[PDB]
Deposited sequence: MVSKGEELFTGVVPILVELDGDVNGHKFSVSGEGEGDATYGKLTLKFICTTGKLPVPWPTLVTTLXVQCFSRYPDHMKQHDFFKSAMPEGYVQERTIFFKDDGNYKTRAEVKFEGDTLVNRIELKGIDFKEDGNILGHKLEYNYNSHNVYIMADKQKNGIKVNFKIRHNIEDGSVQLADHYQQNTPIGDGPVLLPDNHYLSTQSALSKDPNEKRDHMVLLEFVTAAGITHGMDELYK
């Protein structure tokens, strides 16, 4: 099946992202805009720190800063929770544990506001080392590919999601960030609850050569996989 929510994503959709953050007491705000094309699992966005210098590395914020733009193949469209919750949207909550360092806890609402898919987030970070990889800005400005593992939480009418991000460091080491996530629908309508599957996620970071503010340009491609081939023909 294809959910009614998925019909909202068959063309190019404008995206807005607003994040209000506080990490070890360093307050900051990020705004982003761009567009997604879930037909190709593609996002293209530019984010700006509107409060000055970002007090954490940009790569640490990529997962917090719209999984409804993932491409689900045909035999797996009945497993797309994220589009099925649209346009009313969903609440996405995480705790992200940076190995040997602090944690982010985030709560976001992802939903349509008019024609635009908007992700509004609050983030709180604590327990960071002032000279660790994060507040000491030792992460390279790049990003790896990851698998985002998804399972249904039928009790909560949503999903539980987990994965481990690898952030590359200049000296050849890696800073690991373990992500524990759950998503729940905002509205009343039925949502699709999936079988166990994963998203294969790729992200590339760049800069706008005419932008003086602290910023990140991001390109992402995300495709779902891993459903056995249960629903062989369906």
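Original post:
Relative to the deposited sequence numbered from 1, which residue ranges are unmodelled?
Top reply: No C-alpha for residues 66, 236-237.
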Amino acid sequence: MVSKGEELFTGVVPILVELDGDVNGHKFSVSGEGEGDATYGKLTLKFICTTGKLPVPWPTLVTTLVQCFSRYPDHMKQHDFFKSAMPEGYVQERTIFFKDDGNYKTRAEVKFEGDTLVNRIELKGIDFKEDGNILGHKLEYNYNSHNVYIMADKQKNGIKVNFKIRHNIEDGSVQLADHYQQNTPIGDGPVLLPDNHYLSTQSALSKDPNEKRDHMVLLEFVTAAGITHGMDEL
From here on, numbers count along this sequence of modelled residues.
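Original post:
Per the PDB record, is the mean Cα temperature factor higher over 167-175 or over 48-56?
Top reply: Here the higher of the two C-alpha B-factor means belongs to 167-175.
Subject >> Residue stretch of maximal mean CA temperature factor, 21-29 vs 213-221 >> reply: Mean B over CA atoms: larger for 21-29.
Subject >> Selection by C-alpha B-factor (highest) of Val66, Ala204, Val191, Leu61 >> reply: In this record, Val191 carries the highest C-alpha B-factor of the candidates.
**OP:** Could you say which of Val91, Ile121, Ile96, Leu135 has its CA atom at the highest B factor, as listed in the PDB entry?
**Re:** Each of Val91, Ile121, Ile96, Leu135 was compared by C-alpha B-factor; the highest is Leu135.
**OP:** Taking the values exactly as deposited, rank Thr116 by C-alpha B-factor within its chain and report the matching third: lowest, middle or highest.
**Re:** Middle third of the chain for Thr116's C-alpha B-factor.
Subject >> Third of chain Cα B-factors occupied by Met86 >> reply: CA B-factor rank for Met86: middle third.
Subject >> Chain thirds of CA B-factor: placement of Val161 >> reply: Within its chain, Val161 is a middle-third residue by C-alpha B-factor, going by the deposited values.
Original post:
Lowest, middle or highest third of the chain for the C-alpha temperature factor of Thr39?
Top reply: Highest third of the chain for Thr39's C-alpha B-factor.
**OP:** Classify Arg71 as lowest, middle or highest third according to the C-alpha B-factor given in the PDB entry, relative to its own chain.
**Re:** Middle third - that is where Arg71 ends up once the chain's C-alpha B-factors are sorted.
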